[PDB]
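Given next are the chains, with one letter for each unit.
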Amino acid sequence: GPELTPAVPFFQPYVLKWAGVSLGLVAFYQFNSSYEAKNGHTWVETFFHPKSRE
Amino acid sequence: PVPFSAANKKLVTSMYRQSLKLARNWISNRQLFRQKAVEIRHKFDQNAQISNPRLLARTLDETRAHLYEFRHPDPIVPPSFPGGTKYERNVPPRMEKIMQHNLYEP
Amino acid sequence: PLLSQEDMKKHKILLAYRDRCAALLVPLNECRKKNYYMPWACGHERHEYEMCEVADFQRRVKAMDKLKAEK
Amino acid sequence: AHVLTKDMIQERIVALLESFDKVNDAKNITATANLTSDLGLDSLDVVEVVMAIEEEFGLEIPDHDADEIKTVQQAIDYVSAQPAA
Amino acid sequence: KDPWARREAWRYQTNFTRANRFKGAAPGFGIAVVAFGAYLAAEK
Amino acid sequence: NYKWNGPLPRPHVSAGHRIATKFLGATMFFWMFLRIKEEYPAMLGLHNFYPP
Amino acid sequence: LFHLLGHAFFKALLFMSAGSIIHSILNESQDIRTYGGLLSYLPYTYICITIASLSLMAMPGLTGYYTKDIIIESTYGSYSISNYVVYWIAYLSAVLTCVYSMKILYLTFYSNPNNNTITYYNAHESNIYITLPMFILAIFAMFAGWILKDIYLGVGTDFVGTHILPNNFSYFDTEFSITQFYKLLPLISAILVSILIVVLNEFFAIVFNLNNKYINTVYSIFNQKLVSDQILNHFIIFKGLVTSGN
Amino acid sequence: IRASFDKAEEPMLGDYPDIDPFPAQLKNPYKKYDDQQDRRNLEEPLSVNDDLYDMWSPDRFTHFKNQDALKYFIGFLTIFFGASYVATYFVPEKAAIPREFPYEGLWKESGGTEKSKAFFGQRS
Amino acid sequence: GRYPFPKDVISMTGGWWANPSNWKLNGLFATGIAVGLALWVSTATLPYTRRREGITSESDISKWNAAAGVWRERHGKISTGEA
Amino acid sequence: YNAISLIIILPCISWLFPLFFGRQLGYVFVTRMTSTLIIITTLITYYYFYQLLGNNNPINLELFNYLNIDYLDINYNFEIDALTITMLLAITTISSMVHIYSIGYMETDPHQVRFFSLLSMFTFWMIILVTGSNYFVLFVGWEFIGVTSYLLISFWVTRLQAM
Ligand SMILES: CCCCCCCCCCCC(=O)OC[C@H](COP(=O)(O)OCC[N+](C)(C)C)OC(=O)CCCCCCCCCCC
């Protein structure tokens, strides 16, 4: 049996930050694709308002 | 070049140690290493009393040449020493306090 | 009997195996597919293919013999 | 793992010297005995002995430090000074 | 002639004799001869 | 390490290690015997394929 | 491909067995000149390393046989005439292989002890975490080649579907055209050389441990990697750094 | 001082010490140094080409001279390749004919066309 | 064996002989996350999996080769080596 | 359960999880966890090989696009065929054995979390190397195994000769 070092909390700030941002990005991607299947277009596309080509 | 002096002793002793190291490096078999080692000691014994300068300097030069002719490509070194497989493995860190460099930021 | 071009293509023989003896190769590979290429299986089919190759190699050594004899 | 002690080093060196045939006497080998004086070992013989010591404890003695050890106690303190041996 | 001839004896003694040094260089070979003879018997 | 410059004792080796060596060596020698028996002709070189 | 797959297993076993040998020494020395009597002390590491070596030497009935030997024979059976030279080159390599394998086998396990007495007292075997992988790979290095020979070297196996030009394909010719002399000579040479090396080491050590100046020179050439590493370090790398300085 | 490239810099110093360089790898490693790994002592002068002689520089090999090692390396390659080439001459002849294939060498199966049968097509 | 090491040196890998006192609980968390990730990946990538052969019919392959021949006849296209 | 996806994704976890969570887990757990992941990968590989000898119909896994510039279309595509499965047999078997061996061989070493993460890293990138269906994925694996080799040969960083 090897020695023991002090206890360390599993979820550090970096774990929470990076996991949260990454999982939120994937969740957003899936929500957009589902909203596209239902509504007809990605929910992100709706905010796109360029001037017309003409 | 003295026939018998402290410097002469240091030189000849260093050299005889070199010869024994060389023989161990070259000969795999232990029994034959003991054979050759005994013979090296005999050769070192026979020329021990050379007094006149020219002959001693000549014998020293020729034994130096002999040793150089028999140098080994890779000697045996114990692993924890400079030429060793373990030299400077897992060198324990110096214990040392953090010097600060900035008033505001660690 | 030499296999049909359509038969050769249908059983998807490799080009270097398309010989006068591929007719035996077809059953051998079918058995080597059924069994999982195990060494103790397919003995009869394997041996038949080997014997066909024996005949082909013998004909070629006699061909080389004749060619040698011309010189 | 394996760790040596000062007395283990001493016992090994004493057995080592006892095995040497060029020595004067076996009973006269002390911790502070002089190989040059008490054991009457030649110039080359003490070299052979240092070589035996390094072949026994698995270390490498430089030329300058080999010729410095003149007594058995000097040998023991040197061999205990070295971490890997 | 060797003045360390006492120091080297242990390298050629009991565990390190030609008989002992080459003992166990073919582990299990006897079990193998028995098993091969047995299989030769049973195969026929 | 009781004895120095002296004859060494017979090494002590675990029973499991001795058994494992027995099994490994026996299986190796037996497998080699099996293969030699089964492939003697082809492996030695026999039944020349050239016509006589 | 088959030789790659077969070589992986016994090469891994050789390296793991060497690691065991090294950990069995207090010094943890890797010099083969510093071991020497260890057969009695490490019988299981001996048997593992032995199995791996005999697999490498393509001894009969072992995995290395079914790969090495047929690769050696293909060169003779190859349609290209000049390829006959390769046969001899390969064969020499093969016997050369035995010579070093036996050399590490003898110098580690048979020779006569070359380390000091405390190392032999403390020389023991390793834990289960080391031992179990060696056992598994020993089984592999005995059985895998035989159990897999049909997949990769089979008379018409279609598993690897690579499109070999028919003019080039010659695996049948290398089996039917091979004679007894060539099919048997690498094997006999391996066996004979292995025995030769062991017996010359145990009985005539002088032939290996001479002191000829010329032989020591050629040995030094071979020991320093056919001075390649010097050649690279002085004539390319060092020259390149000088040119970069310029 | 010793090598040509250290000599070539001699006009390029004015009032910098002309140091004779020695490869750090060849300094005896039983002496004691302030930096043991680099085998350097504090305030020790540096040669102008010190980066080619420190411990991190390419390794130097002592057993042979560089010229002789070049001789040996070239000689090994020369003898091996020349021997192989020469051996190509004294070669036995094969005993079986290279094999052949139906349909004029399966020229159709390897792509091929009536008009182009030499490009694709076996020994037939 | 072991030796002292600076305790302030924080590495993502844990540093020296890192064996936290609460390692079994943390390992339970880590294995749960591992299982979740592997199963999500295995399921999500399932629609992008397919076998190599028998996915297009002989009709498609034959007619595509026929159409390519048609294309090469509209243009003036001889075959390789055809000269 | 998709064999190809698991064969790729499990060594990736055995690589990255120690780097993310090493301080929080410790080398006891990390060694056991990486070894277990590599073992499961090896078992899945052996089963896939068995089925493939049953029926030589390789699985392909076709993922997002890398480049779709003028005529050059490169995709993250993977396939396991006969050649690849032979490679993967060697890779996974030896990797699982080396992982088990290292628990014992490195038991004393202070830096075991990094070592086991690097062994797993090498396994993952070699799997990527052999499973890719185009020369670009092959090259990705080719360069990353070089990076991993650099990190492994210099594992004992304080040693000059190793660096
Ligand atoms: C991390 C180890 C690998 C894990 C792989 C798990 C895959 C599970 C689901 C995959 C779905 C998919 O990839 O789809 C990809 C989708 C749509 O692609 P598609 O054309 O519809 O189909 C693809 C398959 N085809 C073509 C064969 C049909 O576009 C994307 O999202 C790409 C968005 C890019 C975001 C910016 C990059 C961020 C990189 C972050 C690095 C940290």
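Residue positions are given from 1 per chain in written sequence order; they need not agree with the entry numbering, and residues without coordinates are hidden. Note on labels: chains are lettered from A, ligands numbered from 1, in written order. Part of a larger assembly is what these chains represent; accordingly, every value refers to the shown part. Hydrogens and water are ignored here; the side-chain numbers use all heavy atoms of the structure.

Method of determination, as given in the entry header: cryo-EM; reported resolution: 2.4 Å.

1. Details of the overall build of chain C
How we decide: The helix count covers DSSP runs of H or I at least four residues long, the strand count covers runs of E at least two residues long, and both are numbered beginning at the N terminus. Classification of residues uses two cut-offs on accessible area relative to the type maximum, computed with a 1.4 Å probe and protein chains only: under 20% is buried, over 50% is exposed, and between them is partly exposed. Should any heavy atoms of two residues lie within 4.5 Å, those residues are counted as being in contact.
Across its full length, chain C carries three helices and zero strands. The order of α-helices and β-strands along chain C, N terminus first, is α-α-α. Projected onto its principal axes, the C-alpha positions of chain C cover 50 × 30 × 20 Å. In chain C, which comprises 71 residues, the share counted as buried stands at 39%. Residue pairs in contact within chain C that sit at least 24 positions apart in sequence constitute 22% of those at least 6 positions apart.

2. Some remarks on the nonpolar core
Inclusion rule: Buried residues of nine kinds, namely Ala, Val, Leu, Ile, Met, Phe, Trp, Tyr and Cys, make up a nonpolar core once their side-chain atoms join them within 4.5 Å.
The biggest cluster of nonpolar side chains holds 141 residues, and the ones touching the most others in it are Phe109 and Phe159 of chain G together with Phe49 of chain J. Core analysis: the second largest hydrophobic core is formed by 50 residues, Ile9, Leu16, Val50 and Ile76 of chain D among them.

3. Considerations on a negative patch on the surface
Using the following cut-off: Only residues above 30% relative accessible area that lack a salt bridge enter a patch, with like-charged residues linked at up to 9 Å and the nonpolar side chains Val, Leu, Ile, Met, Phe, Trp and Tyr linked at up to 5 Å. Every accessible area reported is derived by Shrake-Rupley at a probe size of 1.4 Å, with residue values counting cover from the shown protein chains alone. Salt bridges are defined as contacts in which a side-chain nitrogen from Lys or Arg sits within 4 Å of a carboxyl oxygen from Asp or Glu. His is not counted, nor are the chain ends, whereas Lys and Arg count as positive and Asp and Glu as negative. In this description, the location of a charge corresponds to atom NZ of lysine, CZ of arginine, CG of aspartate or CD of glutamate.
Where like charges cluster on the molecular surface, the negative patch consists of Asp63, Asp65, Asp67 and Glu68 of chain D. Mapped onto the elements, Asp63 of chain D comes out in helix α3 (residues 63-66).

4. Overview of a nonpolar patch on the surface
A cluster of nonpolar residues, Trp56 of chain H together with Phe144, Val147, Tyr150, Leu151, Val157 and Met163 of chain J, forms a patch on the protein surface that exposes about 660 Å² of accessible area. Of note, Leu151 of chain J is situated in helix α5 (residues 135-153).

5. Examining the site of the ligand
Using the following cut-off: Here, proximity means that at least one heavy atom of the residue falls within 4 Å of the molecule or strand. All amino acids are sorted into three groups, where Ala, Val, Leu, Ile, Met, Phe, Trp, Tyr, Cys and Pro are nonpolar, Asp, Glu, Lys and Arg are charged, and the leftover types, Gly among them, are polar.
What surrounds the ligand is the set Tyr29 of chain A, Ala44, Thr45 and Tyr48 of chain I together with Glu62, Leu63 and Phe64 of chain J. Near the ligand, the surrounding residues are drawn from chains A, I and J. For the ligand, the protein covers 36% of the area, taking 1100 Å² as the surface of the free molecule. In terms of residue class, the shell around the ligand is built from five nonpolar, one polar and one charged.

6. Describing the packing of aromatic side chains
Applicable threshold: The criterion for an aromatic pair is that two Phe, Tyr or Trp rings (for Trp, the six-membered ring) have centres within 6.5 Å, with stacked assigned to planes under 30 degrees apart, edge-to-face to planes over 60 apart and tilted to the rest.
In this structure the tally under the stated criterion is 77 aromatic pairs over all chains. An angle of 80 degrees between the planes, with centres 4.7 Å apart, marks the rings of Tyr65 of chain G and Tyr66 of chain G as edge-to-face. Of the two residues, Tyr65 of chain G and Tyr66 of chain G, both sit in the buried class. Each ring, one from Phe5 of chain I and one from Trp17 of chain I, has its centre 6.2 Å from the other, and the planes form 50 degrees; the classification is tilted.

7. Observations regarding a positive patch on the surface
On the surface, a cluster of positive charge is made up of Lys23 of chain E together with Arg10, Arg18 and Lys22 of chain F. Within the secondary structure layout, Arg18 of chain F lies in helix α1 (residues 15-44).

8. Some thoughts on the pattern of salt bridges
One pass over the structure, following the stated rule, counts 39 salt bridges over all chains. For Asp150 of chain G, the salt bridge identified is with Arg46 of chain C, shortest N-O distance 3.4 Å. Of the two residues, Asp150 of chain G sits in helix α6 (residues 128-152) while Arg46 of chain C sits in helix α3 (residues 43-70), which places them in two different chains. Accessibility classification places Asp150 of chain G together with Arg46 of chain C in one group, the buried group. As a salt-bridge pair, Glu8 of chain E and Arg11 of chain E come within 3.0 Å of each other at their nearest N and O atoms. Considered together, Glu8 of chain E and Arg11 of chain E belong to a single accessibility category, that of buried residues. Each of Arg30 and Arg34 of chain B, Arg12, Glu55 and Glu56 of chain D together with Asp2, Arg7, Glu8 and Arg11 of chain E takes part in one network of salt bridges that share partners.

9. What to know about unusual backbone geometry
Residue and element names in this part refer to chain H. A positive phi is found at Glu43, a non-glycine position, where the angle reads about 65 degrees. Along the chain, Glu43 turns up in the loop between α1 (4-8) and α2 (66-89). Owing to a relative accessible area of 75%, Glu43 belongs among the exposed residues under this scheme. Within the chain, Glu104 stands out as a residue other than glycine whose phi angle is a positive 55 degrees.

10. A few points about the pairing of strand β2 (residues 72-80) of chain J
Consecutive residues of a regular strand have side chains that alternate between opposite faces of the sheet. Residues and elements named next belong to chain J. Note the cut-off: Note on pairing: DSSP must find at least two bridges between two strands before they are called paired.
Pairing between strand β1 (residues 59-69) and β2: eight bridges, direction antiparallel. Its bridge partner lying in β2, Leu67 is registered against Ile74. Adjacent in sequence and paired antiparallel, β1 and β2 are bridged by two residues.

11. Re the interface of chain J and chain I
Heads up, the condition is: As used here, buried area is the combined drop in accessible area, with a 1.4 Å probe, of two parts when they are placed together. Polar contact is the term for a pair of N or O atoms within 3.5 Å; when the atoms are in protein, one must be able to donate a hydrogen and the other to accept it, and sequence-neighboring residues count only if both atoms are side-chain atoms.
Contacts between chain J and chain I engage 35 residues on the former and 31 residues on the latter. Across the chain J to chain I interface the summed buried area is about 3000 Å²; carbon plus sulfur atoms make up 59%. Among the residues chain J hides against chain I, the three largest losses belong to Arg23, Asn57 and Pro110 of chain J. Together they make up 18% of the total. Viewed at the interface, chain I and chain J are joined by two salt bridges. Across the pair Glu62 of chain J and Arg50 of chain I runs a salt bridge whose closest N-O atoms are separated by 3.1 Å. Linking chain J with chain I are 16 residue pairs in polar contact, by the criterion used here.

12. Points about α5 of chain J
Residue and element names in this part refer to chain J. Counted only if it meets this: To estimate the expected span of a helix, subtract one from its residue number and multiply by 1.5 Å.
Between its terminal C-alpha atoms α5 stretches 27 Å, which fits the 27 Å expected from 19 residues at 1.5 Å a residue. Lining the buried residues of α5 we find β1, β2 and α4 (112-131). For α5, the N-terminal cap is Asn134; the gap from its side-chain oxygen to the backbone nitrogen of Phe136 is 3.2 Å.

13. Examining the state of the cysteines
All names here are of chain C. Quick note on the threshold: The disulfide criterion used throughout: a pair of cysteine sulfur atoms within 2.5 Å.
Enumeration according to the criterion identifies two disulfides over all chains in this entry. One disulfide bridge connects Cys21 with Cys52, the sulfur atoms lying 2.0 Å from each other. Looking down the S-S bond of the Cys21 and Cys52 bridge, the torsion is -80 degrees, so its handedness is left-handed. Residue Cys21 is found in the loop between α1 (5-10) and α2 (22-34), and its partner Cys52 is found in helix α3; the two are separated by 31 residues along the sequence. Across the disulfide from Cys31 sits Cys42; the S-S distance is 2.1 Å. For the disulfide bridge between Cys31 and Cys42, the dihedral angle about the S-S bond is near -120 degrees, and by the sign convention the bridge is left-handed. Of this pair, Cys31 sits in helix α2 while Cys42 sits in the loop between α2 and α3, placing them 11 residues apart in sequence. With relative accessibility at 14%, the residue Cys31 sits in the buried group.

14. Observations concerning the sheet that holds β1 of chain J
To keep it simple, the criterion reads: Simply put, an axis is a line fit to the C-alpha atoms, just over the touching stretch for a helix, and the angle between two N-to-C directions goes from 0 to 180 degrees.
Here three strands make up an open sheet; going across it, the order is β1(I)-β1(J)-β2(J) and the pairing antiparallel. Each edge of the sheet is formed by a strand with only one pairing partner; in this case those strands are β1 (49-51) of chain I together with β2 of chain J. On average, each strand axis in the sheet is inclined to that of its neighbour by 40 degrees, with strand direction left out of account.

15. What about the arrangement of the chains?
Of all 26 pairs of chains sharing an interface, the pair with the highest contact count is chains I and J. With respect to C-alpha atoms, chain A approaches chain C no nearer than 43 Å, and the pair has no contact. You won't find any contact between chain A and chain G; their C-alpha atoms come no closer than 15 Å.

16. Focus: helix α3 (residues 82-105) of chain J
Helical geometry: 3.6 residues make up each α-helical turn, so side chains three or four residues apart lie on a common side. In this model α3 of chain J runs 34 Å from its N-terminal to its C-terminal C-alpha over 24 residues, within 8% of the 34 Å that 1.5 Å per residue would give. Where α3 of chain J begins, one side-chain oxygen reaches toward the backbone nitrogen of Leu83 of chain J, 3.3 Å away; that side chain belongs to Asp81 of chain J.

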